[PDB]
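In: one piece of my complex first, more on the way:
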Amino acid sequence: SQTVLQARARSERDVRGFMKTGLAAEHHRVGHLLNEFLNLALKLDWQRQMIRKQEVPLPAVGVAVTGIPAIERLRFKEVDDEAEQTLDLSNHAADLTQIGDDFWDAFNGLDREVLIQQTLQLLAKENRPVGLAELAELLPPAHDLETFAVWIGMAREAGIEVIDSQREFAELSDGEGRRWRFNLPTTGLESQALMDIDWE
Amino acid sequence: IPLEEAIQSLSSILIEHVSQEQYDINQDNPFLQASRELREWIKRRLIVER
């Protein structure tokens, strides 16, 4: 139904166009002439090709002279553009070693599934609460702080009790031997509360 | 149908009917054939496009 409304609005367009014709004198003369001409136009057989492209006696105004054919305006193709570009289809392969050490270190990130498996196995065999320092001594971490975080993470995930005010320490050497001393919250990792929880 | 999509689908359909040798088969360019047929069917007022 919208399509019909478009036609109705379109027709109202031309109604509005014809409403405003309080022309001045000269405008009025030309309006009479144009309406007469357009009425005369309807009766021509527009669909035919030859009717449309027939000439009319309208005078030439706005005439422009152009294209004065001076031979001296001639210029010619110049072939300095022939600079060639090689088609370098060769394989621009990579160089793995150049990659920064940080890339490999991230490629060495802590694996949570293997860590979970190992911690659960160790705590199952130890069948008692095991603090973070005790776990570090029992299991030398690779990414020391990553394993600390993940261990406190399992502890909180299992609801295992933690007291932060009372402290305890564990020392560990890093990948380049430099030794460190940690300050850690006192707690005991209990295996049974841990195996009962799913991990991903 | 958007006209480009329509003509592509038509050129696909006509290719199926190249097996129907009993009527015109486009030997070299099915896309041209589909475009021509859309033009023709617009000419016969079968399909009006806006």
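Out: Arrived safely, thanks for sending. Numbers count the residues shown, from 1 in each chain, chains lettered A, B, ... in the order given.
In: what's the neighbour count on residue B:11?
Out: For residue B:11, the neighbour count with other C-beta atoms under 10 Å in any protein chain shown is 19. The C-beta positions use only the backbone N, C-alpha and C, and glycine is treated the same way.
In: Which helix or strand contains it?
Out: Using DSSP states H and E, residue B:11 sits within helix B:3-16.
In: same question, residue A:89
Out: Using DSSP H and E, residue A:89 falls within no helix or strand.
In: Find the nearest non-adjacent residue to residue B:3, please.
Out: Counting by C-beta to C-beta, 6 or more residues apart in numbering or on different chains, residue B:49 is the residue found nearest to residue B:3 once chain neighbours are left out, at 6.1 Å.
In: Residue B:35 now?
Out: Closest residue in space to residue B:35, ignoring its immediate chain neighbours: residue B:7 at 5.6 Å, by C-beta to C-beta, 6+ apart.
In: Confirm for me that the one you found is in contact with residue B:38.
Out: Yes: taking C-beta atoms under 8 Å as the definition, residue B:7 is a contact partner of residue B:38 at 5.6 Å.
In: centroid residue for chain A?
Out: Central residue of chain A (C-alpha atoms, centre = their mean): residue A:103, 24.3 Å from the mean position.
In: mind checking which helix or strand that residue is in?
Out: Using DSSP H and E, residue A:103 maps to helix A:101-107.
In: Off-centre distance for that helix?
Out: Helix A:101-107 sits 26 Å away from the centroid of its parent chain (C-alpha atoms, centre = their mean, to the nearest Å).
In: Chain C follows; place it on the structure:
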Amino acid sequence: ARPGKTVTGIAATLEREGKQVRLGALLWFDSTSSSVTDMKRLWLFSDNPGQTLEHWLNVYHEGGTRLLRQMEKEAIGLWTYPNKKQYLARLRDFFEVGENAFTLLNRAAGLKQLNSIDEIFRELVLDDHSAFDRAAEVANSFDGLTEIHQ
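Out: Chain C added:
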């Protein structure tokens, strides 16, 4: 890197159960002019595995566009679209999905703004068929009719 005369290439490829599909393109400049319209394009679509961007670039350097479309006509399982709309129509036909599919894919590809859910829908999920221009046209017609009445 390539301010002057150059040739550029792209060719993705996908397969389903051992059948190839290859989306291609070529973009070269005959001079330093870098306006958008100066870019001479030639899209390519082919499932024939032998077709590769390397082969297309080799054919380009050997000849040019005049040779490229000749290559498509002489070749099989290959197509060339000197304009993009036709190329994308073909591609949508092959994958039998509307343009909205690809557009939403691209919108999602870089979704980092990633704001509240209501904005996810209105912005990315749903195609757009707003009605501002049509209301403007309705108002225009009503104003014209009021002009007649006055």
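In: ok chain C is loaded, check the neighbour count of residue B:11 again?
Out: 21.
In: Distance of the spatially closest residue to it that is not a sequence neighbour relative to chain A?
Out: The shortest distance from residue B:11 to any non-neighbouring residue, by C-beta to C-beta, 6+ apart, is to residue B:34 (3.6 Å). Residue B:34 is 27 Å from chain A, where distance means C-beta to the nearest C-beta, to the nearest Å.
In: any idea how far the closest residue to chain C within chain A is from chain B?
Out: Per C-beta to the nearest C-beta, residue A:9 is where chain A lies closest to chain C, at 4.0 Å. Using C-beta to the nearest C-beta, we find residue A:9 at a distance of 16 Å from chain B.
In: tally of neighbours for the spatially closest residue to residue C:53 that is not a sequence neighbour?
Out: Computed as C-beta to C-beta, 6+ apart, the closest residue to residue C:53 that is not its neighbour in sequence is residue C:11, at 3.5 Å. A count of neighbours around residue C:11, defined by other C-beta under 10 Å, yields 18.
In: quick one: residue C:11 and residue C:52 touch, right?
Out: Yes: contact criterion C-beta under 8 Å: residue C:11 and residue C:52 qualify, at 6.5 Å.
In: who touches the residue positioned nearest the centre of chain B in this structure?
Out: Chain B has residue B:34 as the residue nearest its centroid, 2.5 Å off, counting by C-alpha atoms, centre = their mean. Contacts for residue B:34 (C-beta atoms under 8 Å, 6 or more residues apart in numbering or on different chains) come out as B:7-8, B:10-11, B:14.
In: one more, chain D:
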Amino acid sequence: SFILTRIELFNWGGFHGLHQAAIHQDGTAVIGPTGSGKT
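Out: Okay, chain D now, added to the rest:
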């Protein structure tokens, strides 16, 4: 369903000459330093 495993790419972006990707249909990632050509 079709699965994308290739990008033959030439004189595009910061990739001079020819390059090639082999994405894997089994699940893949692509990785490089900030400002390396991922996007």
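In: again for the contacts of residue B:34, since chain D is there now?
Out: Counting by C-beta under 8 Å, 6+ apart, residue B:34 makes contact with B:7-8, B:10-11, B:14.
In: I'd like these written out as TSV, with distance to residue C:91 added.
Out: Output for the contacts of residue B:34, formatted as TSV (distance: C-beta to C-beta, whole Å):
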residue	distance to residue C:91
B:7	15
B:8	10
B:10	17
B:11	14
B:14	20
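In: Just give me the closest of these to chain C.
Out: residue B:8 (4.8 Å).
In: what's around the closest one, how many residues?
Out: Residues near residue B:8, counting by other C-beta under 10 Å: 22.
In: before we move on, what about residue A:129?
Out: If you count neighbours by other C-beta under 10 Å, residue A:129 ends up with 15.
In: Could you list which residues are in contact with the residue nearest to it when sequence neighbours are not counted?
Out: Nearest non-adjacent residue to residue A:129, counting by C-beta to C-beta, 6+ apart: residue A:188, 2.4 Å away. Contacts for residue A:188 (C-beta under 8 Å, 6+ apart) come out as A:128-131, A:160-161.
In: Tell me how far residue A:188 lies from residue A:172.
Out: 20 Å (C-beta to C-beta, to the nearest Å).
In: do the same with residue C:86
Out: Counting by C-beta to C-beta, the gap from residue C:86 to residue A:172 is 65 Å.
In: now swap in residue B:39 and tell me
Out: Distance of residue B:39 to residue A:172, given as C-beta to C-beta: 80 Å.
In: which of those two has more neighbours?
Out: Between residue B:39 and residue A:172, residue A:172 has the larger neighbour count (other C-beta under 10 Å), namely 18 against 11.
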